[PDB]
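A short worksheet on the structure shown next.
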Amino acid sequence: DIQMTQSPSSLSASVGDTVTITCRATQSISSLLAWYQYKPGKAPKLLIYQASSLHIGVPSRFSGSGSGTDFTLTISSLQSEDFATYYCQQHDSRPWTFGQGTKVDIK
Amino acid sequence: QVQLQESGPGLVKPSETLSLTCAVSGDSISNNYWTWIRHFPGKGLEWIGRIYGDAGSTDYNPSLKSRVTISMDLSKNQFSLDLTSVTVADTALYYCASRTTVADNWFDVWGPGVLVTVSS
Amino acid sequence: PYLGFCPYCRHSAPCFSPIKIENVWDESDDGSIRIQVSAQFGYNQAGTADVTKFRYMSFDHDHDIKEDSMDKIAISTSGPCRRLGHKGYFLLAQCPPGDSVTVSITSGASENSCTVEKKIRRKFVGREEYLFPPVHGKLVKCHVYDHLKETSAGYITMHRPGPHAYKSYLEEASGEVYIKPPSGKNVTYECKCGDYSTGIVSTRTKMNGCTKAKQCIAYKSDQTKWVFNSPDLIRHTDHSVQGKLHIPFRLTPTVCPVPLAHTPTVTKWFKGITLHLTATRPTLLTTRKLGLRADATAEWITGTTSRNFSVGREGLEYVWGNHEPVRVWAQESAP
Ligand SMILES: *[C@@H]1O[C@H](CO)[C@@H](O[C@@H]2O[C@H](CO)[C@@H](O)[C@H](O)[C@H]2NC(C)=O)[C@H](O)[C@H]1NC(C)=O
Ligand SMILES: *[C@@H]1O[C@H](CO)[C@@H](O)[C@H](O)[C@H]1NC(C)=O
Ligand SMILES: *[C@@H]1O[C@H](CO)[C@@H](O)[C@H](O)[C@H]1NC(C)=O
């Protein structure tokens, strides 16, 4: 089973800043990765599929990159509505696994 | 559009068979992958299993394979969850998931979800 | 993308080729064929929808996935074919007639090829044999494969692969067995040297009681790939159908041009007709009576000749080539 080490666990930032969250896999998973945005009291919504591609409806300001084992998401021009929990999810091995969660909060 | 709604008992005794229900509205049951996802509070998401509609093929997590069985009901637009001999570690928030793509690990759709607490 | 048992590899033998052809369909009326191969066309290593690259099955012990472009793809039956479309397992090509079809990857000097027997003939539309479609003629309903790639002619069934064992996974040294995995990948072993034993170890580990290397079987637990229900592989212990992709290039009804023959010169005589005929290609002539007995006949005529047909009072109807059927009626002009 391919295990996950979510990066970073926590990060406080204000409105308009840029935060980078990394996604490191123990095995080469090519570029099949999907990221989620968890809103409290609600189901998480997909933001990035295929580790570089945008879901329709998702903001362009959200841009993810990476291949192989190292992956990044860049959150440029941070707002109030997207303080949430970040979760990158691979879809190669059965079953799929998750991270430990990255918390971002208003400074 | 596809809408999902979870409907299960919120408080079950340990060492008991857990049965949870997700109904599907707006689309047929036989042409999409149907998925259960758990989410323990203070932890993260974890895979449970999946079923295909018109085939009944099931793939489950190896750790929980011995205690998870998935059946579907085409007449009620229904697919169900059975979890035998629950423990205190099985207390989790439960999601049922569906996707616009016929089969994908990523799920476009998602029910609001139901909370299940295992305690004495 | 799995690899299959191709009956004709590059030199002479039945061998393993990862663009192995299972079947070829030639139901089109324009001569085009569609080809099933074991490789994925139009997708990267991750499977991204990108037209200019494809992927195939690697020839090494780690059994990973590599990439290649279509500039080194050759399709041939007797000469090189013309490529028109591709999705995944599927092809479509326009080819000259031949007794077999050949697919190849010309990856530098490594020209791995696969050839499967299939009788491809030059078929035609209508009642006139033709090689290339003329500019002028009748427009007739025909049936060809659609060049649009997003169509759906049907469905095929895929399942999870079974255990694909290796000898590079097992190591023999001084009369005992060893298991060496690639780093970072769990390998499920199976061996039998007395009691029946299982287990899953991701690291090099001694196994006891074994003297021969032909008694232990090791394979990586691979769930990433999806494989077609092919007769060349060992399937998994549960044979449940788990999913299905479309069969592209649906055979769509379209209008096609067909040539028109030369109009015959018709001469008259008593209770009979004589048609002077001219066709450089074989064409059909069908005559039938208009009474109790039809007396229907049909012939394929090459070159020029003259055919005599008796016509009664009830009459006769003759069809020459692709034209409108013409009904003729005799008289009582006895000499
Ligand atoms: C593949 O091998 C790795 C290495 O043994 C297994 O890793 C275990 O992962 C779990 C969850 O993080 C840890 O609690 C264990 O400590 C790890 N191994 C050990 C022995 O501690 C992984 O489970 C293996 N996957 C499969 C399918 O067997
Ligand atoms: C030539 O004559 C032969 C018969 O002897 C015939 O079969 C052939 O079609 C002819 N070729 C032409 C049309 O010149
Ligand atoms: C066709 O009919 C004409 C006139 O009766 C005759 O001269 C000729 O030999 C006949 N030819 C055939 C094909 O029998």
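So you can find residues: chains in the structure tokens are A, B, ... in the order shown, residues in each start at 1, and ligands are numbered from 1 in order.
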Could you list, as a list in words, every residue within 6 Å of residue 8 of chain C, counting only C-alpha atoms and ignoring same-chain residues fewer than 4 positions away?
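So, after excluding close chain neighbours, the residues are residues 13, 14, 114 and 115 of chain C.
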Using only C-alpha atoms and all ligand atoms, what table do you get, as a tab-separated table, when you list each residue of chain A with an atom no more than 10 Å from ligand 1, its nearest pair of atoms, and their distance in Å rounded to one decimal, rows by chain then rising number?
```
residue	atom	partner	partner_atom_place_in_ligand_line	distance
A:1	CA	ligand 1	25 (N)	3.8
A:2	CA	ligand 1	25 (N)	7.1
A:3	CA	ligand 1	12 (O)	6.2
A:4	CA	ligand 1	12 (O)	8.3
A:5	CA	ligand 1	12 (O)	9.9
A:26	CA	ligand 1	3 (C)	9.9
A:93	CA	ligand 1	27 (C)	9.5
A:94	CA	ligand 1	27 (C)	9.2
A:95	CA	ligand 1	27 (C)	9.6
```
For those residues, write N, CA and C atoms to a file as an mmCIF file, in the first residue's frame.
```cif
data_model
loop_
_atom_site.group_PDB
_atom_site.id
_atom_site.type_symbol
_atom_site.label_atom_id
_atom_site.label_comp_id
_atom_site.auth_asym_id
_atom_site.auth_seq_id
_atom_site.Cartn_x
_atom_site.Cartn_y
_atom_site.Cartn_z
ATOM 1 N N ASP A 1 0.825 -1.200 0.000
ATOM 2 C CA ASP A 1 0.000 0.000 0.000
ATOM 3 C C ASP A 1 0.864 1.257 0.000
ATOM 4 N N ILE A 2 0.477 2.232 -0.819
ATOM 5 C CA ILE A 2 1.213 3.488 -0.907
ATOM 6 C C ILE A 2 0.695 4.435 0.168
ATOM 7 N N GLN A 3 1.583 4.853 1.066
ATOM 8 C CA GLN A 3 1.203 5.657 2.218
ATOM 9 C C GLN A 3 1.504 7.126 1.961
ATOM 10 N N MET A 4 0.917 7.991 2.783
ATOM 11 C CA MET A 4 0.916 9.427 2.547
ATOM 12 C C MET A 4 1.500 10.199 3.727
ATOM 13 N N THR A 5 2.276 11.243 3.413
ATOM 14 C CA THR A 5 2.810 12.147 4.469
ATOM 15 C C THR A 5 2.389 13.571 4.092
ATOM 16 N N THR A 26 4.964 7.694 -1.366
ATOM 17 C CA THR A 26 6.061 6.761 -1.135
ATOM 18 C C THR A 26 6.474 6.006 -2.391
ATOM 19 N N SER A 93 -3.547 2.633 -6.680
ATOM 20 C CA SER A 93 -3.654 1.357 -5.926
ATOM 21 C C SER A 93 -5.069 1.192 -5.370
ATOM 22 N N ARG A 94 -5.481 -0.051 -5.115
ATOM 23 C CA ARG A 94 -6.814 -0.299 -4.509
ATOM 24 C C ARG A 94 -6.600 -0.814 -3.082
ATOM 25 N N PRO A 95 -7.216 -0.196 -2.051
ATOM 26 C CA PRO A 95 -8.041 1.001 -2.240
ATOM 27 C C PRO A 95 -7.258 2.324 -2.206
#
```
Under the rule of at most 9 Å, produce a per-residue listing of chain C near ligand 3: chain, number, name, the closest pair of atoms, and the distance in Å, as a tab-separated table, using only C-alpha atoms and all ligand atoms.
```
residue	atom	partner	partner_atom_place_in_ligand_line	distance
C:269	CA	ligand 3	4 (C)	7.7
C:272	CA	ligand 3	2 (O)	8.4
C:273	CA	ligand 3	2 (O)	8.3
C:274	CA	ligand 3	1 (C)	6.6
C:305	CA	ligand 3	13 (C)	8.7
C:306	CA	ligand 3	13 (C)	6.2
C:307	CA	ligand 3	13 (C)	5.3
C:308	CA	ligand 3	1 (C)	5.0
C:309	CA	ligand 3	1 (C)	8.3
```
Writing out the chosen residues with N, CA, C and O atoms as a PDB file, in the first residue's frame:
```
ATOM      1  N   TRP C 269     -36.824  -7.062 -82.571  1.00  0.00           N
ATOM      2  CA  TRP C 269     -37.279  -8.153 -83.426  1.00  0.00           C
ATOM      3  C   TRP C 269     -38.491  -8.807 -82.769  1.00  0.00           C
ATOM      4  O   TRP C 269     -38.834  -8.515 -81.622  1.00  0.00           O
ATOM      5  N   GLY C 272     -38.961 -10.965 -78.921  1.00  0.00           N
ATOM      6  CA  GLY C 272     -37.615 -11.127 -78.423  1.00  0.00           C
ATOM      7  C   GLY C 272     -36.896  -9.797 -78.400  1.00  0.00           C
ATOM      8  O   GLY C 272     -37.255  -8.886 -79.154  1.00  0.00           O
ATOM      9  N   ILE C 273     -35.885  -9.662 -77.545  1.00  0.00           N
ATOM     10  CA  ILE C 273     -35.137  -8.420 -77.455  1.00  0.00           C
ATOM     11  C   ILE C 273     -33.654  -8.783 -77.493  1.00  0.00           C
ATOM     12  O   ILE C 273     -33.246  -9.877 -77.091  1.00  0.00           O
ATOM     13  N   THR C 274     -32.848  -7.878 -78.046  1.00  0.00           N
ATOM     14  CA  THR C 274     -31.405  -8.079 -78.136  1.00  0.00           C
ATOM     15  C   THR C 274     -30.710  -6.803 -77.695  1.00  0.00           C
ATOM     16  O   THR C 274     -30.919  -5.741 -78.289  1.00  0.00           O
ATOM     17  N   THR C 305     -20.538  -7.639 -75.419  1.00  0.00           N
ATOM     18  CA  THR C 305     -21.177  -8.821 -75.989  1.00  0.00           C
ATOM     19  C   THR C 305     -22.614  -8.460 -76.348  1.00  0.00           C
ATOM     20  O   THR C 305     -23.033  -7.305 -76.215  1.00  0.00           O
ATOM     21  N   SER C 306     -23.372  -9.455 -76.801  1.00  0.00           N
ATOM     22  CA  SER C 306     -24.785  -9.281 -77.105  1.00  0.00           C
ATOM     23  C   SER C 306     -25.556 -10.452 -76.517  1.00  0.00           C
ATOM     24  O   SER C 306     -25.169 -11.609 -76.696  1.00  0.00           O
ATOM     25  N   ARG C 307     -26.644 -10.144 -75.816  1.00  0.00           N
ATOM     26  CA  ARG C 307     -27.470 -11.147 -75.156  1.00  0.00           C
ATOM     27  C   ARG C 307     -28.877 -11.110 -75.733  1.00  0.00           C
ATOM     28  O   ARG C 307     -29.462 -10.032 -75.883  1.00  0.00           O
ATOM     29  N   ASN C 308     -29.415 -12.283 -76.049  1.00  0.00           N
ATOM     30  CA  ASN C 308     -30.756 -12.414 -76.602  1.00  0.00           C
ATOM     31  C   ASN C 308     -31.720 -12.824 -75.495  1.00  0.00           C
ATOM     32  O   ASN C 308     -31.463 -13.789 -74.767  1.00  0.00           O
ATOM     33  N   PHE C 309     -32.823 -12.089 -75.368  1.00  0.00           N
ATOM     34  CA  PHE C 309     -33.882 -12.401 -74.415  1.00  0.00           C
ATOM     35  C   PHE C 309     -35.216 -12.381 -75.145  1.00  0.00           C
ATOM     36  O   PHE C 309     -35.518 -11.424 -75.865  1.00  0.00           O
TER      37      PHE C 309
END
```
Point-to-point distance in Å for atom CA of residue 153 of chain C and atom CA of residue 244 of chain C:
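Atom-to-atom, atom CA of residue 244 of chain C to atom CA of residue 153 of chain C, that is 12.6 Å.
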Could you tell me how far atom CA of residue 2 of chain B lies from atom CA of residue 80 of chain B, in Å and to one decimal?
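If I compute the distance from atom CA of residue 2 of chain B to atom CA of residue 80 of chain B, I get 17.2 Å.
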Hey, what's within 9 Å of segment 66-80 of chain A if we count only C-alpha atoms and toss same-chain stuff fewer than 2 positions away? As number ranges by chain, please?
A: 13-33, 35, 51-52, 61-64, 82-83, 106
Grab the residues selected above and save them as a compact mmCIF listing (two decimals), in the first residue's frame with N, CA, C and O atoms.
```
# COMPACT_ATOMS: atom_id res chain seq x y z
N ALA A 13 -2.47 32.11 7.59
CA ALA A 13 -2.19 33.14 6.60
C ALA A 13 -3.39 34.07 6.50
O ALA A 13 -4.51 33.70 6.85
N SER A 14 -3.13 35.29 6.01
CA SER A 14 -4.16 36.31 5.87
C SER A 14 -4.70 36.32 4.44
O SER A 14 -4.31 35.51 3.60
N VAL A 15 -5.62 37.26 4.19
CA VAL A 15 -6.26 37.35 2.88
C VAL A 15 -5.29 37.97 1.88
O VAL A 15 -4.74 39.05 2.11
N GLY A 16 -5.08 37.27 0.76
CA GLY A 16 -4.23 37.74 -0.31
C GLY A 16 -2.86 37.09 -0.37
O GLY A 16 -2.14 37.30 -1.34
N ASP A 17 -2.50 36.31 0.65
CA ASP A 17 -1.19 35.68 0.67
C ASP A 17 -1.17 34.44 -0.22
O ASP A 17 -2.20 33.97 -0.71
N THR A 18 0.03 33.91 -0.43
CA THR A 18 0.23 32.70 -1.21
C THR A 18 0.78 31.60 -0.30
O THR A 18 1.80 31.79 0.36
N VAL A 19 0.09 30.46 -0.27
CA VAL A 19 0.49 29.32 0.54
C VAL A 19 0.70 28.12 -0.39
O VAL A 19 -0.02 27.97 -1.39
N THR A 20 1.73 27.33 -0.10
CA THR A 20 2.07 26.15 -0.89
C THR A 20 1.99 24.92 0.00
O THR A 20 2.59 24.88 1.08
N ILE A 21 1.25 23.91 -0.46
CA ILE A 21 1.06 22.66 0.27
C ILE A 21 1.56 21.53 -0.61
O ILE A 21 1.13 21.40 -1.76
N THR A 22 2.47 20.71 -0.08
CA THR A 22 3.10 19.67 -0.86
C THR A 22 2.43 18.32 -0.61
O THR A 22 1.78 18.10 0.41
N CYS A 23 2.59 17.43 -1.59
CA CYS A 23 1.96 16.11 -1.56
C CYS A 23 3.00 15.09 -2.00
O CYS A 23 3.35 15.03 -3.18
N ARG A 24 3.51 14.31 -1.05
CA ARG A 24 4.60 13.37 -1.28
C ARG A 24 4.11 11.94 -1.13
O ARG A 24 3.57 11.57 -0.08
N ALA A 25 4.31 11.13 -2.17
CA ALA A 25 3.93 9.73 -2.17
C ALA A 25 5.16 8.84 -2.02
O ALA A 25 6.25 9.18 -2.48
N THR A 26 4.96 7.69 -1.37
CA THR A 26 6.06 6.76 -1.13
C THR A 26 6.47 6.01 -2.39
O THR A 26 7.57 5.43 -2.42
N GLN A 27 5.63 5.99 -3.42
CA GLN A 27 5.92 5.27 -4.65
C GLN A 27 5.55 6.18 -5.82
O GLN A 27 4.76 7.11 -5.68
N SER A 28 6.17 5.91 -6.98
CA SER A 28 5.89 6.70 -8.17
C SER A 28 4.48 6.42 -8.68
O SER A 28 4.18 5.31 -9.13
N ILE A 29 3.63 7.44 -8.63
CA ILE A 29 2.22 7.30 -8.97
C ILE A 29 1.89 8.09 -10.23
O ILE A 29 0.72 8.35 -10.51
N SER A 30 2.93 8.43 -11.00
CA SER A 30 2.88 9.24 -12.23
C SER A 30 2.22 10.58 -11.89
O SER A 30 2.69 11.27 -10.97
N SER A 31 1.17 11.00 -12.59
CA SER A 31 0.48 12.24 -12.28
C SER A 31 -1.01 12.05 -12.02
O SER A 31 -1.80 12.97 -12.23
N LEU A 32 -1.42 10.86 -11.56
CA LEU A 32 -2.82 10.60 -11.23
C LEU A 32 -3.08 10.94 -9.76
O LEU A 32 -2.93 10.13 -8.85
N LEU A 33 -3.48 12.19 -9.56
CA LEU A 33 -3.73 12.73 -8.23
C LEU A 33 -4.94 13.66 -8.29
O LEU A 33 -5.16 14.33 -9.30
N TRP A 35 -7.27 16.50 -5.66
CA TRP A 35 -7.24 17.24 -4.41
C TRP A 35 -8.65 17.64 -4.00
O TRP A 35 -9.51 17.87 -4.86
N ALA A 51 -3.81 16.11 -11.21
CA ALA A 51 -2.66 16.79 -10.61
C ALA A 51 -2.27 18.11 -11.28
O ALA A 51 -1.38 18.81 -10.79
N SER A 52 -2.92 18.46 -12.39
CA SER A 52 -2.72 19.77 -13.01
C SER A 52 -3.98 20.36 -13.61
O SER A 52 -3.93 21.49 -14.11
N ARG A 61 -7.30 30.75 -9.96
CA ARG A 61 -6.28 31.04 -8.96
C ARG A 61 -5.71 29.78 -8.32
O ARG A 61 -4.60 29.82 -7.78
N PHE A 62 -6.44 28.67 -8.36
CA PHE A 62 -5.95 27.42 -7.79
C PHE A 62 -5.18 26.65 -8.85
O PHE A 62 -5.71 26.32 -9.92
N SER A 63 -3.91 26.36 -8.56
CA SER A 63 -3.03 25.74 -9.55
C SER A 63 -2.15 24.70 -8.88
O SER A 63 -1.35 25.04 -7.99
N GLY A 64 -2.28 23.46 -9.32
CA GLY A 64 -1.49 22.35 -8.79
C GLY A 64 -0.52 21.84 -9.83
O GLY A 64 -0.74 21.98 -11.03
N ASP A 82 -12.06 30.13 1.33
CA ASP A 82 -11.29 28.92 1.11
C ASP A 82 -10.35 28.56 2.27
O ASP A 82 -9.40 27.79 2.05
N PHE A 83 -10.58 29.07 3.47
CA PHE A 83 -9.95 28.50 4.66
C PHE A 83 -10.59 27.15 4.94
O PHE A 83 -11.75 27.08 5.37
N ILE A 106 -7.42 31.80 9.35
CA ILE A 106 -7.21 33.24 9.23
C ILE A 106 -6.26 33.70 10.33
O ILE A 106 -6.41 33.33 11.50
```
Which residues, written as a PyMOL selection string, have at least one atom at most 12 Å from residue 78 of chain B, with only C-alpha atoms counted and residues fewer than 5 positions away on the same chain left out?
chain B and resi 4-7+20-25+27-30+34+51+53+70-73+96
Using backbone DSSP assignments, extract all strand (DSSP E or B) residues from chain A; output them as a ChimeraX atom specification.
/A:4-6,10-13,19-25,33-38,45-49,53-54,62-67,70-75,85-90,102-106
File of the preceding selection, C-alpha atoms, as a PDB file, in the first residue's frame:
```pdb
ATOM      1  CA  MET A   4       0.916   9.427   2.547  1.00  0.00           C
ATOM      2  CA  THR A   5       2.810  12.147   4.469  1.00  0.00           C
ATOM      3  CA  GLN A   6       0.700  15.366   4.174  1.00  0.00           C
ATOM      4  CA  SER A  10      -0.879  23.667   9.726  1.00  0.00           C
ATOM      5  CA  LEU A  11      -0.315  27.220   8.322  1.00  0.00           C
ATOM      6  CA  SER A  12      -1.936  30.527   9.347  1.00  0.00           C
ATOM      7  CA  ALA A  13      -2.188  33.144   6.602  1.00  0.00           C
ATOM      8  CA  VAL A  19       0.487  29.317   0.538  1.00  0.00           C
ATOM      9  CA  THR A  20       2.068  26.150  -0.889  1.00  0.00           C
ATOM     10  CA  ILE A  21       1.059  22.660   0.269  1.00  0.00           C
ATOM     11  CA  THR A  22       3.104  19.666  -0.865  1.00  0.00           C
ATOM     12  CA  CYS A  23       1.959  16.110  -1.564  1.00  0.00           C
ATOM     13  CA  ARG A  24       4.600  13.371  -1.284  1.00  0.00           C
ATOM     14  CA  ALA A  25       3.928   9.731  -2.168  1.00  0.00           C
ATOM     15  CA  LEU A  33      -3.732  12.731  -8.230  1.00  0.00           C
ATOM     16  CA  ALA A  34      -6.864  14.574  -7.094  1.00  0.00           C
ATOM     17  CA  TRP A  35      -7.240  17.243  -4.407  1.00  0.00           C
ATOM     18  CA  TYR A  36     -10.204  18.064  -2.161  1.00  0.00           C
ATOM     19  CA  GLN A  37     -11.399  21.060  -0.120  1.00  0.00           C
ATOM     20  CA  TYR A  38     -13.172  20.096   3.135  1.00  0.00           C
ATOM     21  CA  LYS A  45     -15.581  19.271  -3.044  1.00  0.00           C
ATOM     22  CA  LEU A  46     -13.036  18.382  -5.755  1.00  0.00           C
ATOM     23  CA  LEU A  47     -10.788  21.247  -6.873  1.00  0.00           C
ATOM     24  CA  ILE A  48      -7.976  19.705  -8.938  1.00  0.00           C
ATOM     25  CA  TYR A  49      -8.073  16.411 -10.799  1.00  0.00           C
ATOM     26  CA  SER A  53      -6.281  20.041 -14.363  1.00  0.00           C
ATOM     27  CA  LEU A  54      -9.115  22.239 -13.111  1.00  0.00           C
ATOM     28  CA  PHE A  62      -5.954  27.419  -7.795  1.00  0.00           C
ATOM     29  CA  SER A  63      -3.035  25.740  -9.551  1.00  0.00           C
ATOM     30  CA  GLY A  64      -1.492  22.355  -8.788  1.00  0.00           C
ATOM     31  CA  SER A  65       1.609  20.736 -10.251  1.00  0.00           C
ATOM     32  CA  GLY A  66       3.955  17.792  -9.878  1.00  0.00           C
ATOM     33  CA  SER A  67       4.726  14.314 -11.194  1.00  0.00           C
ATOM     34  CA  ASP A  70       6.516  15.061  -5.443  1.00  0.00           C
ATOM     35  CA  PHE A  71       3.432  17.235  -5.940  1.00  0.00           C
ATOM     36  CA  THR A  72       2.463  20.807  -5.014  1.00  0.00           C
ATOM     37  CA  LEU A  73      -0.633  22.985  -4.840  1.00  0.00           C
ATOM     38  CA  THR A  74      -0.234  26.758  -5.002  1.00  0.00           C
ATOM     39  CA  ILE A  75      -3.053  28.848  -3.530  1.00  0.00           C
ATOM     40  CA  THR A  85      -8.753  21.333   4.948  1.00  0.00           C
ATOM     41  CA  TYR A  86      -6.572  20.198   2.048  1.00  0.00           C
ATOM     42  CA  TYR A  87      -6.516  16.553   0.964  1.00  0.00           C
ATOM     43  CA  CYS A  88      -4.652  15.112  -2.024  1.00  0.00           C
ATOM     44  CA  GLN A  89      -5.884  11.708  -3.193  1.00  0.00           C
ATOM     45  CA  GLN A  90      -4.249   9.247  -5.584  1.00  0.00           C
ATOM     46  CA  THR A 102      -3.570  20.391   6.210  1.00  0.00           C
ATOM     47  CA  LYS A 103      -5.325  23.109   8.210  1.00  0.00           C
ATOM     48  CA  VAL A 104      -5.283  26.734   7.058  1.00  0.00           C
ATOM     49  CA  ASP A 105      -6.795  29.456   9.243  1.00  0.00           C
ATOM     50  CA  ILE A 106      -7.211  33.236   9.234  1.00  0.00           C
TER      51      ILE A 106
END
```
Counting only C-alpha atoms, which residues from chain A have an atom at most 6 Å from any atom of chain B, and could you show them as number ranges by chain?
A: 43, 91, 95, 100
Any chance you could tabulate, as a tab-separated table, the residues of segment 39-116 of chain C at most 12 Å from segment 221-243 of chain C with each one's nearest atom pair and distance in Å to one decimal, using only C-alpha atoms, in chain and rising number order?
```
residue	atom	partner	partner_atom	distance
C:39	CA	C:227	CA	10.3
C:40	CA	C:227	CA	11.0
C:45	CA	C:225	CA	11.2
C:46	CA	C:224	CA	10.5
C:47	CA	C:225	CA	10.8
C:56	CA	C:225	CA	11.7
C:57	CA	C:225	CA	10.8
C:62	CA	C:222	CA	11.3
C:63	CA	C:222	CA	10.1
C:64	CA	C:225	CA	10.3
C:65	CA	C:225	CA	10.2
C:88	CA	C:228	CA	11.7
C:89	CA	C:228	CA	9.4
```
Keeping only N, CA and C atoms, write the selected residues as a PDB file, in the first residue's frame.
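Result file follows (again-v9.pdb):
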```
ATOM      1  N   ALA C  39      -2.363  -2.430 -26.591  1.00  0.00           N
ATOM      2  CA  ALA C  39      -1.824  -1.175 -26.096  1.00  0.00           C
ATOM      3  C   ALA C  39      -2.909  -0.100 -26.069  1.00  0.00           C
ATOM      4  N   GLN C  40      -2.604   0.999 -25.383  1.00  0.00           N
ATOM      5  CA  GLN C  40      -3.488   2.152 -25.292  1.00  0.00           C
ATOM      6  C   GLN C  40      -2.966   3.255 -26.203  1.00  0.00           C
ATOM      7  N   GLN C  45       1.351   8.094 -19.845  1.00  0.00           N
ATOM      8  CA  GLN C  45       1.574   7.133 -18.765  1.00  0.00           C
ATOM      9  C   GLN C  45       0.462   7.197 -17.725  1.00  0.00           C
ATOM     10  N   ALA C  46       0.005   8.410 -17.414  1.00  0.00           N
ATOM     11  CA  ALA C  46      -1.128   8.575 -16.516  1.00  0.00           C
ATOM     12  C   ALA C  46      -2.459   8.311 -17.206  1.00  0.00           C
ATOM     13  N   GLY C  47      -2.495   8.308 -18.532  1.00  0.00           N
ATOM     14  CA  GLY C  47      -3.746   8.174 -19.244  1.00  0.00           C
ATOM     15  C   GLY C  47      -4.407   9.478 -19.622  1.00  0.00           C
ATOM     16  N   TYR C  56       2.413   1.860 -23.895  1.00  0.00           N
ATOM     17  CA  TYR C  56       2.460   0.429 -24.170  1.00  0.00           C
ATOM     18  C   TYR C  56       3.032  -0.289 -22.953  1.00  0.00           C
ATOM     19  N   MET C  57       3.278  -1.589 -23.116  1.00  0.00           N
ATOM     20  CA  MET C  57       3.743  -2.448 -22.036  1.00  0.00           C
ATOM     21  C   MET C  57       5.262  -2.568 -22.114  1.00  0.00           C
ATOM     22  N   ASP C  62      10.318  -4.582 -13.919  1.00  0.00           N
ATOM     23  CA  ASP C  62       9.484  -3.707 -13.103  1.00  0.00           C
ATOM     24  C   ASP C  62       8.090  -3.511 -13.681  1.00  0.00           C
ATOM     25  N   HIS C  63       7.884  -3.936 -14.933  1.00  0.00           N
ATOM     26  CA  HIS C  63       6.621  -3.893 -15.701  1.00  0.00           C
ATOM     27  C   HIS C  63       5.895  -2.547 -15.602  1.00  0.00           C
ATOM     28  N   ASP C  64       6.657  -1.473 -15.789  1.00  0.00           N
ATOM     29  CA  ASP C  64       6.101  -0.127 -15.763  1.00  0.00           C
ATOM     30  C   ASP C  64       5.510   0.237 -17.130  1.00  0.00           C
ATOM     31  N   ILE C  65       5.241   1.531 -17.319  1.00  0.00           N
ATOM     32  CA  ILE C  65       4.621   2.058 -18.534  1.00  0.00           C
ATOM     33  C   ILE C  65       5.528   3.129 -19.130  1.00  0.00           C
ATOM     34  N   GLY C  88      -7.403   4.194 -27.637  1.00  0.00           N
ATOM     35  CA  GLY C  88      -7.059   3.162 -26.671  1.00  0.00           C
ATOM     36  C   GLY C  88      -6.651   1.861 -27.333  1.00  0.00           C
ATOM     37  N   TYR C  89      -7.506   0.853 -27.171  1.00  0.00           N
ATOM     38  CA  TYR C  89      -7.321  -0.453 -27.783  1.00  0.00           C
ATOM     39  C   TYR C  89      -7.641  -0.454 -29.274  1.00  0.00           C
TER      40      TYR C  89
END
```
